[PDB]
Amino acid sequence: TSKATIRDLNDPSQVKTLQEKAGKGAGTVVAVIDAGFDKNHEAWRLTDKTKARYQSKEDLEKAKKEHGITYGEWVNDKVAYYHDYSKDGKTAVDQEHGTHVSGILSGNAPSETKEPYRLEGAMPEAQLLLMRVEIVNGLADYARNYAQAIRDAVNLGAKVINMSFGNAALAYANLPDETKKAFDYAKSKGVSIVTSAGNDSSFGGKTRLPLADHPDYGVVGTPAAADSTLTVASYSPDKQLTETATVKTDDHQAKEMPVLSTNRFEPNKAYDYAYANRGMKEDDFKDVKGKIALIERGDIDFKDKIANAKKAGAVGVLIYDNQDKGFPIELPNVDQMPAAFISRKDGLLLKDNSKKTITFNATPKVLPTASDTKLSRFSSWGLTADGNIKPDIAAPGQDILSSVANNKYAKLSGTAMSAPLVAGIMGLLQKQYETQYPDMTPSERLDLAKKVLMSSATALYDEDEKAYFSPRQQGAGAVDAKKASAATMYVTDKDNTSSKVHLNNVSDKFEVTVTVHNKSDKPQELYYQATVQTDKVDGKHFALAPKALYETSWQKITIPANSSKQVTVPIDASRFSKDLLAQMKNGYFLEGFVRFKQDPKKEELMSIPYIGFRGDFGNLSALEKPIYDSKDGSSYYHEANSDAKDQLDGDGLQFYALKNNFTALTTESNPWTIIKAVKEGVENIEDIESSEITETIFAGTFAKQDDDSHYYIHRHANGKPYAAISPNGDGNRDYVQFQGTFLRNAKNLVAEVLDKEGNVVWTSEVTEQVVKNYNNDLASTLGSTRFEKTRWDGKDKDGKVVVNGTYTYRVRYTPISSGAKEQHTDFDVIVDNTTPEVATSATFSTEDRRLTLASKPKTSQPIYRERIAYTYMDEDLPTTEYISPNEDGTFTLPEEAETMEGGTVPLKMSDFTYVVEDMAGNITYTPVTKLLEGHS
Ligand SMILES: [Ca+2]
Ligand code: NA
């Protein structure tokens with residue numbers, strides 16, 4: 001009972017054509033570096049173990065002895081070697097991601113599988129080297145771990161190394177030297193390394209669009225940033241093998257549609273369904289009990305939509321897209337609730353259908369994708385931090401069905417699924433070249449295979465924009481193993497280093513030079529054309545879509561046999577400067593593809609991308625403007641309150657810093673009750689000694705005298721925020737600290753203080769590496785970073801507190817790009833240690849209960865708050881509230897205080913305290929009874 005494979009029904013990358021030419025991997029070794037594997041899975045088997053490189057643990061150990069490897073172990077005929085390079089970690093091993101990635105590369109499920117179709121990877125007859133690596137300490141130790149796994153994989157005979165992991169926005173230059181030399185070691189040995197681009201979209205994450213003022217929104221990190229690697233983006237073909245559900249339309253026909261199910265529905269059981277809108281209100285699920293809730297994708301989370309139907313008593317849920325030509329999204333598991341994602345067109349069909357009955361099928365079929373041929377929304381954009389072109393190539397990575405833990409199978413999306421397909425195509429192409437080009441070195445075949453894969457890759461085309469997807473999103477195009485296995489030509493840059501042209505900074509007139517390489521015995525003629533395109537802009541945001549400018553005339557080129565010729569396409573986009581600079585004031589990309597055809601009417605034979613930037617890329621601002629300078633009071637990750645644009649509350653009692661992510665200075669607010677308790681030596685203060693809290697706030701913000709619930713920005717006459725410290729060790733506004741939202745990566749971040757008289761009085765420790773805030777999510781990164789090394793305690797380089805005055809707090813940082821000038825941002829910081837002189841005597845009129853102070857406060861900095869506090873006990877907890885002064889200078893003291901429980905507590909005169917604070921933080925707190933006693 002031999003079952004058909006998934007590839008037998010769906011092979012979007014044409015792997016079968018290459019397999020018919022180069023085999024299925026028998027005798028070859030490939031390696032996978034991931035976070036953990038199910039090394040017992042049924043997908044790990046060989047058809048003929050006798051044809052393998054390592055036929056036993058003895059063959060594996062002999063190879064270990066020859067290279068000094070004293071670790072790792074044979075597992076079975078398929079998994080010839082497994083080693084855990086992060087065994088010292090305390091976290092448990094996750095087996096799903098690594099098993100899935102490996103299955104796409106070399107899965108070989110037998111016919112005895114429970115699945116409808118067998119999972120057969122690109123190289124099912126190759127042996128696997130599974131190597132675990134996970135973060136335990138830092139990213140340097142991490143890169144040192146997988147550098148060893150690379151070297152070991154090379155020395156154990158791996159022809160391909162697939163690395164379906166990464167860390168966003170990281171620069172290649174910051175990798176340890178061992179990691180860099182391991183990349184070169186594999187390359188010098190003809191071993192291919194394939195990296196996933198990442199699932200981080202652009203700056204802002206898969207839910208935001210980057211602002212047009214900042215074109216350097218790439219988020220590709222390491223190891224993908226290594227030039228030696230082949231970095232793979234993710235796209236969706238126009239069709240995909242999917243699970244199905246069928247209904248009856250109004251025309252009396254049977255229409256079956258794709259579904260993506262979390263948990264399982266009853267196979268071929270007729271389900272009823274009712275429309276429940278966006279699933280936000282309880283009334284939406286009025287007639288949802290017993291049926292399936294049809295919920296529109298909208299404003300609440302999927303977990304909220306699904307759980308709300310569970311309360312109403314539904315048997316399942318159907319969430320349909322709110323985007324046009326969108327992608328399926330894996331819905332969460334909410335208490336085993338069967339949840340299926342469907343397209344917007346299929347959802348609207350179900351919404352306006354008469355006989356609202358749907359039946360889920362057990363056998364999957366190939367159906368068109370709603371997205372059509374489209375790049376994945378999560379696939380990481382270039383460029384690298386160093387400014388290099390990534391990714392290199394695209395591969396299918398939407399809802400890929402592969403092997404998961406416990407001998408099971410599941411669909412996963414991600415560039416981690418795109419990579420192992422290209423890795424398998426690299427391995428087969430290299431085998432093909434071992435007979436097609438035997439006189440080459442292994443490094444020469446590797447360089448050729450990478451160039452052929454990129455050249456023959458079909459440049460994907462956005463049908464809505466009438467332009468090709470940006471090279472910064474798709475690389476050199478979608479991999480095509482048929483065109484790659486058949487290619488006898490390839491195209492490289494001017495210096496024959498890569499199949500991509502990096503032009504760095506360009507003006508309106510530039511030229512793209514490409515070398516066409518012919519390896520056939522006969523000369524060949526080609527027609528070539530360069531497309532000119534840039535970014536599409538929607539107002540203040542990038543659309544993350546191409547904007548075609550024009551295309552050049554088709555020109556001919558004849559390349560002699562076993563030779564190469566260069567072509568040059570002049571580009572002139574000067575007639576677009578005015579419009580493009582209006583949308584993208586700080587510069588814009590000028591990019592595209594030089595496409596090659598045997599004849600202009602035939603299909604694309606090769607394509608090489610070129611990328612230039614119209615401006616000064618390296619000197620683009622790396623730091624978002626301070627939040628104080630915002631016209632409307634909002635930044636990229638922070639929205640203002642339109643009713644009060646100067647409101648800027650602090651951290652409060654939040655646990656995570658998900659709010660208030662912008663460039664600013666931080667300080668601390670320390671109430672007087674805590675200053676008093678600390679100076680008196682109280683050990684336990686929080687929720688015991690005082691009801692007030694020490695809050696981290698932003699410098700230049702001050703609370704109103706009556707509310708205290710909100711802080712507001714105050715500014716000098718010029719406009720700068722009134723940032724002031726009082727360095728006296730009491731914890732109340734003693735320091736300033738730099739908080740940054742970095743639009744670009746930076747290096748050598750250092751803060752200094754100028755005395756505004758021509759002298760630097762203080763310099764902080766240097767923060768050598770700065771990573772951009774490419775998102776505002778705990779799962780990746782927050783939209784802001786607090787650099788504790790930039791904290792200034794108001795002291796000079798000798799340790800003495802600076803004299804009272806205004807100082808320039810200067811933050812310096814340099815972009816990663818080559819030769820970039822150092823950038824800086826300045827803040828005026830006032831230092832004032834002057835303790836306010838306040839009253840020492842007071843008389844209290846018993847009739848009106850008005851307290852009269854012997855003298856008004858005399859403060860150096862302007863008065864911040866002049867209040868009288870009363871601290872009463874509310875359920876054994878001293879609770880403090882405040883009283884503002886009258887207009888004659890007196891304070892009316894109440895005789896009772898209403899508690900939270902609704903009661904009333906009498907106020908004794910020993911409960912009142914006179915507190916005066918200036919805008920630098922200098923504070924005095926005197927008991928009112930002490931003032932009343934202030935008389936000889
Ligand atoms: Ca202070
Ligand atoms: Na291409």
Side-chain angles (χ1 to χ4, degrees), residues 13 230-233 235 389 391-395 422 425 449-461 468-471 473-484 486-487 489-493 498-501 512 514 516-517 526 528-531 591-597 603-611 667-672 674-676 678-679 694 697 699 702 723-736 791-795 802 804 829-836 859-861 864-865 915-925:
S13 294
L230 188 54
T231 298
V232 184
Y235 80 101
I389 301 180
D392 302 309
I393 195 169
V422 176
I425 296 176
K450 184 182 179 185
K451 290 167 175 178
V452 162
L453 282 192
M454 291 182 58
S455 295
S456 61
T458 301
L460 295 188
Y461 186 83
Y468 288 97
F469 290 100
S470 167
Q473 186 184 38
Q474 72 169 309
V479 67
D480 192 327
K482 181 173 177 186
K483 292 169 59 185
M489 287 178 294
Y490 66 93
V491 284
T492 67
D493 74 315
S498 289
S499 291
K500 48 187 180 182
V501 182
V512 184
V514 181
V516 188
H517 302 253
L526 293 174
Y528 58 96
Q529 157 185 94
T531 66
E591 64 194 8
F593 298 84
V594 187
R595 299 168 61 247
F596 293 82
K597 291 185 177 182
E603 287 181 336
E604 173 182 306
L605 192 60
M606 300 175 299
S607 62
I608 176 174
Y610 71 95
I611 300 174
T667 183
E668 277 189 299
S669 171
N670 203 16
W672 67 269
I674 299 179
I675 298 176
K676 189 175 180 291
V678 165
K679 292 193 178 305
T694 301
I697 64 171
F702 301 87
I725 58 175
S726 49
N728 46 24
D730 71 342
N732 185 42
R733 300 172 184 259
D734 294 359
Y735 69 87
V736 293
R791 180 171 304 197
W792 185 41
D793 56 3
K795 294 175 182 178
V802 301
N804 296 339
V829 174
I830 294 175
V831 175
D832 201 326
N833 272 326
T834 305
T835 304
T859 71
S860 180
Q861 292 299 301
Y864 176 18
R865 289 176 296 193
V915 184
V916 176
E917 187 184 12
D918 66 13
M919 291 183 74
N922 300 283
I923 185 176
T924 63
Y925 39 97

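Positions are given from 1 along the sequence. In each ligand, atom 1 is the first atom listed, and ligand 1 is the first ligand listed.
The Ca ion (ligand 1) has an N, O or S atom of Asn728 inside 3.0 Å of it. For the Ca ion (ligand 1), the set of nearby N, O or S atoms under 3.0 Å includes one belonging to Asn732.
If you check the side chains of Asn804 and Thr834, you find a donor sitting under 3.5 Å from an acceptor. Remark: the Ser470 side chain and the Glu591 side chain contain an N/O donor-acceptor pair separated by less than 3.5 Å. Side-chain contact annotation: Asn670 with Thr694, donor-acceptor N/O pair under 3.5 Å present.
The number of protein N, O or S atoms lying under 3.0 Å from the Na ion (ligand 2) is 6.
Within the model, atoms OG1 of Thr531 and OH of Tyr468 stand 7.5 Å from one another, a figure rounded to the nearest 0.5 Å. How far CG of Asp392 is from OG1 of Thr231: 5.0 Å, rounded to the nearest 0.5 Å.
Closest approach between the Ca ion (ligand 1) and any N/O/S atom of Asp730 involves OD1. Per residue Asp734, closest N, O or S atom to the Ca ion (ligand 1): atom name OD1.
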Discussion item. Evaluate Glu917 against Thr859 for side-chain contact (heavy atoms from CB on, under 4.5 Å), listing each step before the verdict.
Written reply: CA-CA 8 Å; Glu917 187 184 12; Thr859 71; over 6 Å; no
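In this structure a side-chain-to-backbone donor-acceptor pair under 3.5 Å is missing from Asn728 to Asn833. Listed for the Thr492 side chain is no donor-acceptor partner under 3.5 Å among the backbone atoms of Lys451.
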